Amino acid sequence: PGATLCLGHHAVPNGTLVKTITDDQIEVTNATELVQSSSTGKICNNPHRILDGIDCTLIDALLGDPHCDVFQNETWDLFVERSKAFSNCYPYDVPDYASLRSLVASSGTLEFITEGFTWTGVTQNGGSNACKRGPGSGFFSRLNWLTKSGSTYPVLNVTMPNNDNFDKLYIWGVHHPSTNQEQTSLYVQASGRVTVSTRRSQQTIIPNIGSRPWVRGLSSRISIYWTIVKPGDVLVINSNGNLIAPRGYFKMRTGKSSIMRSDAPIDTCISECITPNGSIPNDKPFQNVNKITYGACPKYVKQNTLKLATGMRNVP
């Protein structure tokens, strides 16, 4: 005499628990993960230009540590520094090392242009057995160790104008000998002085004589400094001893380049997002792998999982 018509909805044997405004755990028929928490463990070589430093820090490649000169004129989107890197040249330090590393890394290039500096009255191309280049003693490829010629060290006063339309990065240094004998035997004068200036900036460094911890046979040091010369400005170098001169300038650029510390191997694959743990997919909006990232990346969050419900309440 009749019939029954029932309305209903689907269900599944086992759904997924999600959180809502009112519930920390409520079961829905389906959900999807919003947090990327896994990585292949490898850095993909595409689409970004990856430069593996292997045994070299960015600063050692910049200065021209001989075993790092394979990186001359190199470029990168991401420079990868390995924990196995080591220095093998003259022992040095960089005041504000972090800033120099940062600005070179962001520039993205080690493009070096040699310039014809005239060092009248001094001996050029000083070398050291702490920095062997081949079988013989050597020095940083981008620096010029100036010492006395004969029995005198004159007041060096040289200039280099920037007639180009880009910024020039000059890396230079100051030699701190360990003994007064060393100081006078190298630069005659008992107290050196190095002044590097542009129209709008100036730096004057006085070397400091004294023993430092023994490093690769040496208790002397070199201190590295840098000077940016803008288009239309002029570099002037004025020293009466202890100058570690530049051989030219690095070409400054602006762009998407950076640097990363990671021991993850590089592989031939595609991935927009790199972390020190490896490349990760960027389909999810969040990630828990590493707060250090490069590229188009999910935002880092503390949660290791966040389920977005993609189905109704599951009522089996």
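So that there is no doubt, residue numbering starts at 1 and follows the sequence shown.
Taking the recorded C-alpha temperature factors, which stretch has the higher mean, 53 to 61 or 283 to 291?
-> Mean CA B-factor is higher for 53 to 61.
Tell me which of 162 to 170 and 99 to 107 has the higher mean C-alpha B-factor in the deposited entry.
-> The recorded data point to 162 to 170.
Per the coordinate record, which of the options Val301, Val12, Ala296, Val18 holds the highest CA temperature factor?
-> The record points to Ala296.
Criterion, highest CA B-factor; candidates, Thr268, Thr275, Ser258, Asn30 | In the PDB entry, the greatest C-alpha B-factor among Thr268, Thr275, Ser258, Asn30 is found at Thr268.
Looking at the entry's B-factor column for C-alpha atoms only, identify whether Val155 ranks in the lowest, middle or highest third of its chain.
-> CA B-factor rank for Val155: highest third.
B-factor third for the C-alpha atom of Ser39 within its chain | As the PDB entry reports it, the C-alpha B-factor of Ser39 lands in the middle third of its chain.
Among all modelled residues of this chain, ranked by Cα B factor, put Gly248 in the bottom, middle or top third, i.e. lowest, middle or highest.
-> Lowest third - that is where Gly248 ends up once the chain's C-alpha B-factors are sorted.
Within this chain, which third does the Cα B-factor at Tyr92 fall in: lowest, middle or highest?
-> Answer is lowest: the recorded C-alpha B-factor places it there.
How does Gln183 rank on Cα B-factor within its chain, lowest, middle or highest third?
-> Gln183: CA B-factor falls in the highest third of its chain.
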